[PDB]
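Given as structure tokens, the chain that follows is alone and in the form deposited in one PDB entry.
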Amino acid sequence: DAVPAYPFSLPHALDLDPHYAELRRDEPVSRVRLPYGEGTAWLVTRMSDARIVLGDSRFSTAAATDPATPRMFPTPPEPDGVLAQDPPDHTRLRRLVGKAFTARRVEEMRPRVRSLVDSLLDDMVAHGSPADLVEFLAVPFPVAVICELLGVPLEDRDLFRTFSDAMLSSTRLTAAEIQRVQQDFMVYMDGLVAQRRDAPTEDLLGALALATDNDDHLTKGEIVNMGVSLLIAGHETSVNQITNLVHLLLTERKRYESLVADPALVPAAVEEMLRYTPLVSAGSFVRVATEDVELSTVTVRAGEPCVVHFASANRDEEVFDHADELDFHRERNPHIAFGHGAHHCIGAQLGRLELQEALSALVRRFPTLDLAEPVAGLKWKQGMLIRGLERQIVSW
């Protein structure tokens, strides 16, 4: 056809396809064909344009549920998904659980979360060096935190992890395989929610069960799906981002030594690595203009779809200086690693807390930590909408 395939290439590690800098400079809004649905989408590569697609009510995610709309992933979007809701319906859906995820409430978790880290790092010191940081820290830490927050049984880890990996599929699985898991995950979350019917609990699944027996704006579908979205995101983002930040730290070891030297740098370093790291391997959930909307180089017509690349917006040279370098001493870091606008990540403060406390703990107690398996052999996850390591053997 006329228009280039997107994604532009099979990803390697955390590397960014070089065409994104080319486009930011010469063609910052460009037509692409996504791997699923029909027609073309505008790919948005710059920060200013990304804030408009993500930030403006003239862009609808609900409109992108149509099986014909371009998308990054095999199945048409679940219409009951938060991501697929427009305000004000979306605002009402987010209030269901927003209370738990305000920065004040998430800060209240820091002591429990720091305990959970320390304990898991004891178990890793017991085993002895070398060990797999995935098995010992990256998987168990976020999984325990989201299980205790939602009230999901921790022994269900293998079950919900298998479900979440399938649903984060890009090319790994087929539409039918994914569609099947969506059905099972919904029927599973439905069951946990129903156990609260004559046994309410002090946790988020508890709040979802109350909204089911008493609410009128929100369907049972929308409420349970919120449980699915929180359990997937709540472990998958963090499990992958711990390995991504540890990868970035140990492959240029001075990064790691610079936090060993000043542990109090860890928060700014987390923000900078959030900027730098393509957690979302390519593209985004799609937005469809409901009216003509002016971007930097082009006016998108009502009914035309747009996709953002978050990591490309976060490499924008008009916003960050030496944008292609990791710098923990940056004075200004207005990244959209957590998106922007109405769908801005609800868990952003939990993700921040988990990355701070994982890395602070490692940097303090394990000043000798190195990668103890070769770079060339690193097992990057393939065929998923997000990036991370299956294993990260380390020594201290």
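Only residues modelled in both forms are compared. Each residue number is its position in the shown sequence, starting from 1. C-alpha atoms forming the largest set that superposes within 1.5 Å between two forms make up the rigid core.
What comes next is about the form deposited in another entry, which is not displayed.
Rigid core superposed between this form and the one not shown, residues 291, 123, 165, 135 considered: the one with a C-alpha shift of 2 Å or more is 165. With the core held fixed, residue 225 shows a CA shift of 2 Å or greater between this form and the one not shown. After superposition on the rigid core, displacement of the C-alpha of residue 262 between this form and the one not shown stays below 2 Å. Superposition on the rigid core between this form and the one not shown places the CA atom of residue 153 2 Å or more away from its counterpart.
Relative to the shown form, the CA atoms of residue 122 and residue 160 are brought 3 Å or more closer together in that other deposited form. Shown here is a form in which the CA atoms of residue 116 and residue 162 lie at least 3 Å farther apart than they do in that other deposited form.
Here is what shifts between this form and the one not shown when you lay the two on the core: runs of at least 3 residues, every Cα off by 2 Å or more, at 72 to 74, 94 to 102, 147 to 228.
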